[PDB]
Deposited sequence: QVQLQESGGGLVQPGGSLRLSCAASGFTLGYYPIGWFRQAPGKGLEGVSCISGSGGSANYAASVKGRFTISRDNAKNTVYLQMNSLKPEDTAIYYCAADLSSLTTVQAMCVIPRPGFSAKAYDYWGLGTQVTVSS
């Protein structure tokens, strides 16, 4: 299956920082929004951040606004999630997926309970653990 590959997850102390990579596996990243999602233990899939096809427009969940920075490097076929000032609530499996719905300018962060199959190229995820 063609899917994104997310990596760069590891163990960190609170206030620490991490850079996640959302990379295209085999194929080439095209012109569409790329989103970061996370699934904390026992909780549903939730939207974290997205970046437009242009890479110039981004959106963030209120939970991470101001602490997280998403960026696009199409040259390396990779979307980055720069996570700063990590909190223990940020501990989850992080996923990335593409929005192929309207091949708009500004990202949309899906509300909780959203349908995951509306997005494509879901990766196997990367684990982010922020200790106490």
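Fill in: Chain regions without C-alpha coordinates, deposited sequence numbering
No C-alpha for residues 104-106, nothing else.
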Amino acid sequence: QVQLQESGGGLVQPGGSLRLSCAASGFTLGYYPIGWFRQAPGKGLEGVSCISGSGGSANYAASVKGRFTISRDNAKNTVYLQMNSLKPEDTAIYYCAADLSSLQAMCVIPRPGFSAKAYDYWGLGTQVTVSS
From here on, numbers count along this sequence of modelled residues.
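Item to complete: Compare the mean C-alpha B-factor of 117-125 with that of 9-17 as given in the PDB entry, and name the stretch with the higher value.
Response: So the stretch with the higher mean C-alpha B-factor is 9-17.
Practice prompt. Would you mind comparing 48-56 and 84-92 for me and telling me which has the higher average C-alpha temperature factor in the entry?
Written response: Result of the comparison: 84-92.
Item to complete: Would you check the entry's CA temperature factor for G35 and let me know if it's in the chain's lowest, middle or highest third?
Response: Tercile = lowest for this residue's CA B-factor.
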